[PDB]
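Asker: One structure coming up, written as structure tokens, with questions to follow.
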Amino acid sequence: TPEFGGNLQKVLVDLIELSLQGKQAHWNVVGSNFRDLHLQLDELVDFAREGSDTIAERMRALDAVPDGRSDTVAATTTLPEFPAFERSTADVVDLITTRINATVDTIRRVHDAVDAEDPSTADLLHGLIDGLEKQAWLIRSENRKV
Amino acid sequence: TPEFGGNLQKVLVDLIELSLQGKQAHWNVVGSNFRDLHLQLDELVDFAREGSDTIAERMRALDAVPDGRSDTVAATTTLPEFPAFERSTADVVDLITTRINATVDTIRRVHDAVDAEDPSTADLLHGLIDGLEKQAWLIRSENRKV
Amino acid sequence: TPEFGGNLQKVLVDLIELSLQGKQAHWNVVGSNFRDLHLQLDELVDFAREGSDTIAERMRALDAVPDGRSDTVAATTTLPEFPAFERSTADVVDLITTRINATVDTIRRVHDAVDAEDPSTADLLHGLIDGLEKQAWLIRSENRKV
Amino acid sequence: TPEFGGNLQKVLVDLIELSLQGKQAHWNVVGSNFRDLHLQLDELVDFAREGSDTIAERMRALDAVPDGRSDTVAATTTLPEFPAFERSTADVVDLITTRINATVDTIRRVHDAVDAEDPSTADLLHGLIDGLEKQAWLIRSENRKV
Amino acid sequence: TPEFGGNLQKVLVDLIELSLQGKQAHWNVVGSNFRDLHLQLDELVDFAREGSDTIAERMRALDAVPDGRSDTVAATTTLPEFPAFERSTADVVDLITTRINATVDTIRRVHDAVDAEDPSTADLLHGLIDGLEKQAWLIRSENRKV
Amino acid sequence: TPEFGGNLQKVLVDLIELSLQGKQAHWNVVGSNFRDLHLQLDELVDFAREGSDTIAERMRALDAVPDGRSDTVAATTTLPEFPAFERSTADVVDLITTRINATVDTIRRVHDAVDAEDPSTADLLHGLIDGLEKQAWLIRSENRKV
Amino acid sequence: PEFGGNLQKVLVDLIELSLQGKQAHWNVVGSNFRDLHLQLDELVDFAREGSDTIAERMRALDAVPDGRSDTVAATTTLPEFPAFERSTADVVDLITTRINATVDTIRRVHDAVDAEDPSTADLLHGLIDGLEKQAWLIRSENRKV
Amino acid sequence: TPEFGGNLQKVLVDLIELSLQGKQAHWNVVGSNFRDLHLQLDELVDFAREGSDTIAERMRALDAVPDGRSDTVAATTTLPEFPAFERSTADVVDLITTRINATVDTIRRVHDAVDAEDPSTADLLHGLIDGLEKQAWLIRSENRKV
Amino acid sequence: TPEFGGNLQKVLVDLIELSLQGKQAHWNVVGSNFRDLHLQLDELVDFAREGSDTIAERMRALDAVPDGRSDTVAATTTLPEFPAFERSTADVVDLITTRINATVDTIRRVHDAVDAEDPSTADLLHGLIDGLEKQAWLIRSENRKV
Amino acid sequence: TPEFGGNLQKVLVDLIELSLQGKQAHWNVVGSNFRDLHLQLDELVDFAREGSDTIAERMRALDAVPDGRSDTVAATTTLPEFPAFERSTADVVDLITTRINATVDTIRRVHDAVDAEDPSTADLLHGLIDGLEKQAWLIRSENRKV
Amino acid sequence: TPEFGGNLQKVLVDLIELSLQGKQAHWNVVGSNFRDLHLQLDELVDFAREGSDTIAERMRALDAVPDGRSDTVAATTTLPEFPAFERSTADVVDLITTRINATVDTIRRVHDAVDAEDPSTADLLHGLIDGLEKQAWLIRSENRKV
Amino acid sequence: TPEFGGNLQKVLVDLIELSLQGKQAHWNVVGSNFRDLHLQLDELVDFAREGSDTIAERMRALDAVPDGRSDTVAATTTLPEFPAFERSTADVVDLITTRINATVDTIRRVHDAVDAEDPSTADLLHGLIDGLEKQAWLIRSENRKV
């Protein structure tokens with residue numbers, strides 16, 4: 001259905017934007033605990049790319065047309081823009097946490113309709129939520145107060 | 001130097017645009033001889049991602065500031081936009097060949113200044129142009145009729 | 001739960017019959033773009049065998065009695081018979097697409113009944129839908145004209 | 001959410017107790033099919049450890065605090081204690097079957113609440129039920145007669 | 001030659017029947033020494049599937065048409081029909097021994113004509129014979145007494 | 001001898017308690033320099049589990065009876081308990097260092113009695129010292145101030 | 001000595017086939033290009049392995065190999081290959097014809113080589129199997145029905 | 001030292017005899033738990049071969065002359081000769097247990113002089129004792145009753 | 001087929017004696033070009049062990065009883081005894097060449113009688129000839145002068 | 001350009017001739033220190049084949065026509081012919097060194113034009129010079145006497 | 001030429017000194033963020049060893065005489081002396097950054113003559129500069145504050 | 001204790017000097033058996049580096065500080081100097097044998113105090129002696145007269 005296709009397209013553009021932001025932060029981060037932040041951003045980008053590809057193949061299987069162009073992503077993404085200069089570790093961790101939370105929350109919005117329509121795709125969304133939440137936890141644990 | 005940083009930034013944004021659009025074509029292509037294009041476009045995307053990461057790390061080592069944001073890519077890329085909807089294999093082969101030719105032409109234009117300033121970065125450009133030209137040959141040989 | 005056992009037996013019989021047809025077509029197919037089909041049918045057979053074994057072991061865990069005999073498969077399968085001679089690639093692609101469609105439609109009918117009892121087996125069926133539909137798309141894209 | 005944390009803590013403590021008791025049986029089992037039981041119990045312990053780690057990371061990523069201390073396990077576990085000395089093969093198979101049945105029963109009680117609140121955790125619990133039931137079948141098949 | 005194709009088709013259909021028999025027994029076997037029988041039957045199925053695929057590819061290379069449909073298997077198989085329900089260890093090992101012996105006996109009768117016509121295919125037949133005989137030894141040696 | 005068996009059982013209890021407490025710390029740790037501790041405590045738990053299994057199998061080979069039940073561990077362990085809530089990274093490093101020091105000092109007491117009978121087991125005890133002391137240094141170096 | 005001569009004739013044909021496969025691998029264009037490109041590389045690898053196996057076996061049987069380029073050019077029986085870009089159908093046809101000639105000479109030598117040494121007969125049987133499988137797997141592209 | 005050479009020669013000849021015994025039993029064993037015995041005897045043969053090679057290379061490094069000839073082994077080894085025909089499971093397990101016990105007893109007598117002269121070789125002896133005793137446990141634990 | 005069994009026993013005895021002599025030379029060889037011989041004799045022993053195991057399992061599959069005892073191989077082997085002291089590289093090369101020639105001569109002599117009954121075993125004999133003759137060529141080329 | 005195409009064609013035919021030459025020497029060489037040269041020539045052949053394939057793919061990418069036919073190689077090669085029959089190792093090393101030096105001389109002669117035209121291809125020639133010179137040293141230092 | 005040999009010898013001794021000093025720092029680094037520095041210094045040592053070996057093999061191929069003795073390194077190195085004892089992480093990061101900068105600066109000075117004489121060796125120098133600069137950036141970014 | 005630390009430092013500097021001279025001989029050796037010595041010395045350098053790192057980690061764990069600087073090695077090492085020119089293979093083999101003998105002599109000298117203070121460290125020294133003596137034999141067997 002066109003509604004299902006549109007929801008999956010909104011998820012896909014958010015995943016692509018998240019991957020691009022992760023790579024940009026991976027390149028442009030400075031500060032403490034550099035090696036771990038560097039490796040974690042790479043792992044997150046790999047996982048996000050794999051999830052985006054899986055969504056693309058599934059949505060193709062359901063006979064929909066994907067929209068993953070750069071202009072389309074820039075026009076329809078929901079993630080906030082990222083700073084273009086070198087950033088401290090606390091700031092980049094905070095920004096990554098916020099972006100991951102927004103990406104997860106969009107999927108949590110669409111989950112009800114996706115489960116009502118196709119449990120097979122609901123399972124892929126469940127796996128994506130699991131992976132993204134694990135990544136978000138392991139990153140956000142750096143800046144915890146206690 | 002800022003001009004050197006800008007010359008590398010143009011290459012970086014071109015590679016990111018190429019990778020995203022190659023993934024788009026990988027998801028979207030249908031028609032005769034589908035599987036060969038489906039696999040080779042994935043290989044092209046992998047190579048483009050590796051090259052973009054290599055350029056980002058090298059230019060960071062040379063103390064410059066990357067701009068890999070989606071908005072920046074959309075605003076300052078040189079590759080023409082990818083047409084939407086399902087496309088035939090011949091058309092996608094032609095479009096990918098033209099775009100890879102544009103990218104390698106950009107590499108050729110920047111190569112003079114890059115070699116004049118840093119031979120180490122010139123070597124990375126040589127490797128990238130070699131790989132991209134090999135990919136371009138393997139793609140365009142599909143549509144050749146002799 | 002005799003109804004659960006019968007439903008899972010109907011699933012397994014169709015999976016085994018489809019695997020046999022896939023192997024026969026893999027051995028028999030010939031024509032334009034032969035190699036891609038030759039490899040993809042092998043991949044589909046491997047996936048079908050993995051799914052059939054997984055279903056059989058799950059249904060064993062639930063204390064049911066599987067029936068995987070050749071006579072039982074031939075007597076209780078739902079998929080149509082396959083041509084016995086050399087077939088063109090377009091025809092074999094169409095036949096394989098029809099077979100995958102019938103198999104996934106069978107799981108679609110049994111889905112609600114099996115989810116009424118066991119969400120765990122529902123998850124396995126979701127995975128089978130994901131894989132089979134991905135294979136169906138990747139094969140049917142061969143004959144698509146647009 | 002505190003109730004959710006409580007159910008997940010019960011799951012984690014049951015899994016930890018199962019792993020410890022399985023290692024006990026692994027070191028202690030003597031009798032016929034000794035090598036078979038030795039390998040299978042090691043596989044069961046490995047799977048239980050993987051599942052316990054997955055559950056712990058999931059619930060802690062959902063902002064809960066795990067309690068996997070030995071005193072907590074002893075005080076709040078639900079599995080009955082293991083024999084103290086060398087046991088026959090049939091007896092240890094029966095004991096392990098009973099332990100796995102109790103664990104999966106607890107998971108089944110928790111399943112309703114987890115499906116009510118977080119489908120992502122429900123999916124992990126489904127996978128755990130699948131793995132534990134497969135192991136239980138493979139173990140209990142030793143003692144079953146015709 | 002048509003007679004050569006007929007003998008190779010007989011061997012192929014026998015191997016397919018053996019693979020189906022092995023998988024069914026693998027799923028269904030219950031009793032003593034169960035884990036080892038479970039692993040050995042899976043190994044036998046893997047070997048039988050590889051041999052059947054090898055014969056199919058060879059006969060296709062020699063310009064013959066294979067017949068691996070389930071209906072054809074049921075109509076032209078030579079292995080006697082297998083029990084329907086759960087069976088003890090002695091019964092299953094004895095039955096598997098009888099089917100393997102029947103298969104190798106059929107291959108033995110075909111071997112004379114195959115060696116008369118094509119020694120290259122005769123070598124593949126020899127490999128199948130001794131692999132199957134090794135598997136038969138490992139299986140029947142369980143029931144043997146002193 | 002029963003005294004040797006009791007000493008080995010006491011060592012095994014300490015190893016199991018250390019592994020469980022390490023997993024607790026791995027789950028519950030939070031604060032600055034997270035990922036390093038998160039990976040390193042997992043490595044320590046893996047090594048401790050390997051050592052505990054090896055020592056259990058060795059003591060079984062020497063014809064003794066292991067006691068690895070949760071109640072037995074809680075009743076006869078020597079390592080003091082772990083905090084039940086989220087702790088700072090410096091504190092968890094200090095506690096883990098203390099636990100490892102207690103465990104290795106227990107081995108230091110038991111070593112003379114072990115070597116008085118069995119140099120082969122003394123070698124395994126030496127290996128345990130090597131691994132645990134390397135891990136202890138690798139953890140304690142976090143808070144070292146020169 | 002005749003045994004050595006037959007094995008030398010086999011070896012030069014295998015080397016020529018490997019060179020033919022590499023040439024077609026580099027110089028092929030048209031439809032199904034990626035599949036033909038991979039298949040020809042696999043065939044070249046198999047031909048090189050078979051040539052090595054024959055060379056080492058015949059060395060073990062105390063003969064003197066002749067695998068020089070001049071010797072191959074003077075003694076091989078495979079037809080000459082075109083030196084320009086060729087369509088895929090023509091490439092498949094030419095490769096099929098060359099493989100058929102190569103397996104034909106092996107079948108011709110098989111009787112004497114098996115009568116003299118079953119161990120070498122086994123290696124030649126394996127080579128026949130592999131090359132015939134490759135021949136079918138390539139020639140299936142241009143089949144009519 | 002000639003006495004050192006003689007002790008290590010006795011060790012080597014005993015290891016070679018044990019390897020031959022294990023391989024013969026591996027080929028010849030028939031009865032219950034056949035596949036487990038077949039795998040374990042192969043593992044024991046592999047371990048014995050590795051240990052024999054290690055002892056030979058160590059003794060050669062210490063400027064002695066190894067004697068691994070079959071005639072020397074037959075004339076010098078202390079392990080009693082094996083049955084010549086097919087043997088039952090209990091009998092072969094008992095025979096292997098007795099052979100391993102004799103070998104480790106010989107190693108124990110030699111270990112005193114070995115530790116007196118060269119601790120480096122004493123370490124290898126300890127490793128061999130550990131491995132052989134573990135294998136002996138996995139063997140003799142088969143026939144043990146409660 | 002007692003004659004067949006005796007022939008296969010003669011093959012097995014020769015292979016075992018060859019492996020033992022190869023290990024002895026591998027331990028004892030010394031002189032110019034030492035390392036190449038040291039590695040190649042190890043490879044020869046590995047191949048001989050593989051061949052001996054293959055022959056033993058094949059003759060077990062043919063319902064025969066092998067005799068691989070040390071006394072049996074010493075009293076039945078045909079290979080000449082090996083020097084017991086340090087030997088020059090040329091001498092050990094000559095001795096190994098002679099031993100391999102005797103071993104392959106035995107197989108060539110028994111080949112006609114073997115093929116008179118079982119072509120599958122004849123195939124294994126062909127493979128053994130191939131491997132042993134390759135090893136013989138590599139050994140003999142060391143001392144060749146031209 | 002045709003002159004550049006011919007410049008690379010000379011390199012290609014020289015590499016193919018070198019590969020066949022190395023294979024001939026690998027098969028034919030006998031004498032002292034056999035195994036070292038036997039493995040080294042195989043490594044040389046592998047490197048030459050990889051380099052020839054790389055040059056062929058690059059020159060295809062740059063839209064030229066390879067001529068790798070055996071007749072073309074024989075007619076236009078530059079390496080001296082290899083004498084037949086069995087040759088001593090010293091003569092083989094001398095001839096291989098001379099031919100590799102000739103190939104490196106050809107590469108160096110064409111390198112000026114190649115670098116003036118295409119730096120990407122110049123890099124490939126640099127890599128080939130590195131590899132071939134390393135092989136030349138690793139072979140020629142055999143015959144060196146201080 | 002002797003000048004080229006000396007220019008390469010200076011780079012070789014600098015690389016050896018850098019590798020030894022990196023190992024020194026790997027051993028005596030303590031403080032906050034220990035593990036990341038501990039791993040990065042090991043990676044740097046591995047890269048330095050690989051580069052030093054590559055330079056040694058290349059300069060050997062070009063018929064020069066290496067001087068990698070400890071006395072020669074101590075006498076002719078250019079890197080400043082590394083202070084002993086345990087050092088804080090900030091200080092060791094600064095020291096390693098300064099040393100890598102000195103090494104790459106020396107390589108930059110020698111690059112002109114190296115490129116003027118042998119472009120192949122210039123390529124190796126380019127690769128070494130790339131790797132060392134990447135490592136230097138990845139280490140120095142730890143201490144950066146923005 | 002300071003004496004323990006000093007002895008471990010004496011061992012470490014000897015290992016580092018041995019590794020450096022091994023690399024020098026690896027680069028510098030020419031003559032017969034060149035490939036054999038080239039591989040063997042590379043293996044010895046790898047082993048020496050691993051052993052030196054292991055000693056550094058252990059003595060760090062025991063709260064001591066290493067001195068592995070180039071100046072410290074040159075001032076404190078006990079190994080004789082290595083020639084700086086091209087040497088015959090016999091001479092380099094003799095020199096390496098002498099160096100290994102000196103290195104193992106130092107460790108055997110310190111072994112008494114090391115065992116009196118820490119059996120675990122004595123075990124590491126035993127392993128180092130075993131490895132170094134094996135390498136020493138495997139090298140010096142080249143130049144043996146008889």
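Chains: A, B, ... in order of the structure tokens. Residues: from 1 per chain. Ligands: from 1, in order shown.
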Neighbouring residues of residue L:82 were defined as those with any atom within 8 Å, considering only C-alpha atoms; residues of the same chain fewer than 3 positions away were excluded. Please report them as a list in words.

Answerer: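 My reading of the contact set: residues 69 of chain K; 21 and 95 of chain L.
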
Asker: I need the residues from that last selection saved to file as a PDB file, in the first residue's frame (with N, CA and C atoms), if you can.

Answerer:
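So the final result, stored in result-v3.pdb, reads:
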ATOM      1  N   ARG K  69      72.241  -2.618  13.398  1.00  0.00           N
ATOM      2  CA  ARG K  69      72.759  -2.979  14.708  1.00  0.00           C
ATOM      3  C   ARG K  69      72.327  -1.959  15.755  1.00  0.00           C
TER       4      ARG K  69
ATOM      5  N   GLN L  21      69.621  -8.327  16.262  1.00  0.00           N
ATOM      6  CA  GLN L  21      70.638  -9.016  15.475  1.00  0.00           C
ATOM      7  C   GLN L  21      70.024 -10.061  14.554  1.00  0.00           C
ATOM      8  N   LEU L  95      77.293 -17.744  14.039  1.00  0.00           N
ATOM      9  CA  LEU L  95      77.104 -16.567  14.880  1.00  0.00           C
ATOM     10  C   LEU L  95      75.746 -16.595  15.573  1.00  0.00           C
TER      11      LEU L  95
END

Asker: Residues of chain E were defined as contacting chain D if any atom lay at most 12 Å from it, counting only C-alpha atoms; please report them as a list in words.

Answerer: residues 26, 27, 28, 29, 30, 31, 32, 33, 34, 35, 36, 37, 38, 39, 85, 86, 87, 88, 89, 90, 91 and 92 of chain E

Asker: Return as a list in words the residues belonging to chain G that are within 9 Å of chain B, counting only C-alpha atoms.

Answerer: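 On the chain G side, the interface is residues 28, 29, 30, 31, 32, 33, 34, 35, 85, 86 and 87 of chain G.
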
Asker: Using only C-alpha atoms, determine which residues lie at most 9 Å from residue I:101, disregarding the query and same-chain residues fewer than 6 positions distant; provide the list as a ChimeraX atom specification.

Answerer: /I:132-133,136

Asker: Extract, using only C-alpha atoms, all DNA, RNA and protein residues at most 12 Å from residue A:111, discarding same-chain residues fewer than 2 positions from it, and format them as an MDAnalysis selection string.

Answerer: (chainID A and resid 4 7:8 11 104:109 113:129) or (chainID D and resid 118:120)

Asker: Could you pull out the helix (DSSP H, G or I) residues of chain L, going by DSSP on the backbone, and write them as a ChimeraX atom specification?

Answerer: /L:2-28,34-61,70-76,89-117,119-140
